[PDB]
Amino acid sequence: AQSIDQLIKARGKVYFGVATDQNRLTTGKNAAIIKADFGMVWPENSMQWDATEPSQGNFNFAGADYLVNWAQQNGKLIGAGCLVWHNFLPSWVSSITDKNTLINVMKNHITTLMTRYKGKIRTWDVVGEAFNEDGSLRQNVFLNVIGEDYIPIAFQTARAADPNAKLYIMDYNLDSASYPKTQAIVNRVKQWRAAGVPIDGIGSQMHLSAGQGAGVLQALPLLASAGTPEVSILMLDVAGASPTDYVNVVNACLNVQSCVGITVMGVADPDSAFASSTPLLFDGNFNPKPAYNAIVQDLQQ
Ligand SMILES: O=[N+]([O-])c1ccc2nn[nH]c2c1
């Protein structure tokens with residue numbers, strides 16, 4: 001067996017996933033590789049705020065429907081996001097200056113997207129990139145205008161929109177247990193859960209430099225100590241694609257009982273935003289790279 005999704009499921013995890021979108025599925029060998037080797041897809045761009053709600057209350061789902069329908073057509077799980085973050089955020093939103101207006105805009109955005117696909121989506125990334133590197137909360141428009149309540153409200157709204165989905169907060173630079181940001185998200189998530197915020201998961205966005213895989217072995221169990229039902233690895237790529245870095249990340253998930261799976265940022269190196277760092281698991285000829293084969297070896301029993 002050569003599918004890393006099949007192999008990780010045979011170790012008891014839920015999926016090995018990949019980010020994609022209509023533009024990828026219509027070209028190259030992406031669809032064929034995803035069908036063969038991955039068990040879950042995420043929309044890279046098509047579910048982000050600027051794509052789905054380019055003006056207030058005016059929604060569009062052309063790309064998102066394409067991806068969701070492709071996943072259902074091909075028997076793949078779906079993760080989607082990000083509902084509330086500063087990236088891909090239209091200026092019409094970040095121009096809002098008052099709490100109630102932004103709350104209602106945010107709630108309508110969450111509810112409309114999640115209701116459209118109710119029951120079909122495994123995981124929603126509800127809040128993203130909410131932390132500064134020092135562990136304080138990032139002064140995005142949601143924090144600046146709503147205040148700290150925005151995170152409780154976002155999660156409570158998402159739970160109502162689709163109670164079947166696993167609701168995640170996600171961030172990057174959570175890759176060392178000694179880094180302030182990693183410690184802060186754990187402390188805040190534990191506080192938020194004790195306050196009744198339904199945070200089901202922490203997702204670690206792992207855009208890694210060479211050699212950073214080893215730190216994840218202790219960072220991931222730190223993240224899991226916040227008490228969420230789940231943790232996951234998102235947006236994974238590694239500059240140089242060292243088998244060692246990738247195997248370390250996989251082993252971290254294997255060693256964390258609440259880690260449900262791993263999502264890689266793309267399929268083939270030339271299509272990565274970081275293509276020249278050759279950071280993915282397939283080369284430009286769509287052949288599996290040494291890191292892919294090292295994952296296969298690590299997961300086979
Ligand atoms: O894991 N992912 O590659 C991924 C990509 C885009 C997203 N938007 N929200 N969550 C996401 C996860």
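Residues numbered from 1 in each chain as written, not as in the entry; some residues may be left out. Heavy atoms only, no water.

As deposited, the entry is annotated with X-ray crystallography as its determination method and 1.08 Å as its resolution.

A. Broad picture of the state of the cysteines. Per the counting criterion, the structure on display carries one disulfide. Disulfide partner of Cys253: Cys259, at an S-S distance of 2.0 Å. Between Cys253 and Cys259 the sulfur-sulfur dihedral comes to about -95°; the bridge is accordingly left-handed. One exposure class covers both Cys253 and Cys259, and it is buried. Note on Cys82: no disulfide assigned, nearest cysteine sulfur contributed by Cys259 at a separation of 19 Å. On the basis of relative accessible area, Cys82 is assigned to the buried category, the value being 1%. (Disulfide = S-S within 2.5 Å. Buried < 20%, exposed > 50% of the residue type's maximum accessible area, 1.4 Å probe, protein only.)

B. Structural context of the UniProt feature "disulfide bond" in the protein. In this structure the UniProt-annotated cystine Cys253-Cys259 is intact, with an S-S distance of 2.0 Å. Taking the relative accessible area as the measure of exposure, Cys253 reaches 0% and is therefore buried. Note on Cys259: relative accessible area 2%, which makes it buried. (UniProt positions renumbered as here; feature names shortened; annotations may be inferred.)

C. Representation of the site of the ligand. Contacts to the ligand come from 13 residues, most closely from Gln48, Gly81, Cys82, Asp125 and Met235. For the ligand, a nitrogen atom lies 3.4 Å from a polar atom in the backbone of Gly81. In the model, an oxygen atom of the ligand is placed 3.0 Å from a nitrogen or oxygen of the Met235 main chain. Isolated, the ligand exposes 300 Å² of accessible area, and the fraction of that covered by the protein chains is 99%. Listing elements by their share of the shell around the ligand, those giving two or more residues are β2 (40-43), β3 (77-84) and β7 (230-238). Class assignment for the residues of the shell around the ligand results in eight nonpolar, three polar and two charged. (Near = heavy atom within 4 Å. Polar contact = N/O pair within 3.5 Å; in protein donor to acceptor, adjacent residues only side chain to side chain. Areas by Shrake-Rupley, 256 points an atom, 1.4 Å probe, with all protein chains shown as cover. Helix = DSSP H or I, 4+ residues; strand = E, 2+ residues; numbered from the N terminus. Nonpolar A, V, L, I, M, F, W, Y, C, P; charged D, E, K, R; others polar.)

D. Representation of helix α5 (residues 62-73). For α5, with 12 residues, the first-to-last C-alpha span of 16 Å sits near the 16 Å given by 1.5 Å per residue. Every buried residue of α5 is listed here: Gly63, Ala64, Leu67, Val68, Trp70 and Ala71. End-on, the buried residues of α5 take up no more than an arc of 160°, which puts them together on one face. In α5, the exposed positions angled more than 90 degrees off the buried face are occupied by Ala62 and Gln73. Each element contacted by the buried residues of α5 is listed here: β1 (15-20), α2 (22-25), α3 (30-37), β2 and β3. Of the residues one or two after α5, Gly75 is the one with positive phi, at around 70°. (Expected span 1.5 Å × (residues − 1). Arc of directions from axis to C-beta. Contact = heavy atoms within 4.5 Å.)

E. Broad picture of the layout of surface pockets. Computed from the structure, the largest pocket encloses a volume of approximately 630 Å³. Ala19, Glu44, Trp85, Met235 and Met265 are, among the 37 residues lining the largest pocket, the residues nearest its centre. Those elements giving two or more residues to the lining of the largest pocket turn out to be β1, α3, β2, β3, β5 (166-172), β6 (201-208) and β7. Taken together, the residues of the lining of the largest pocket sort by class into 18 nonpolar, 12 polar and seven charged. (1 Å grid on protein atoms, 1.4 Å probe; cavity = no way out; pocket = protein on both sides within 12 Å on 5 of 7 lines; lining within 4 Å. Points joined across faces, edges and corners; volume = space filled by probe spheres on them.)

F. Up close: the pairing of β1. Burial analysis of β1 places six of its six residues in the buried class, which makes it a mostly covered element. Direction of pairing for β1 relative to strand β8 (residues 259-264): parallel, over a ladder of four bridges. The residue bridging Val18 from the neighbouring strand is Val264, located in β8. Across four bridges, the pairing between β1 and β2 is parallel. Counted as the bridge partner of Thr20 is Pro43 from β2. (Pairing = 2+ DSSP bridges.)

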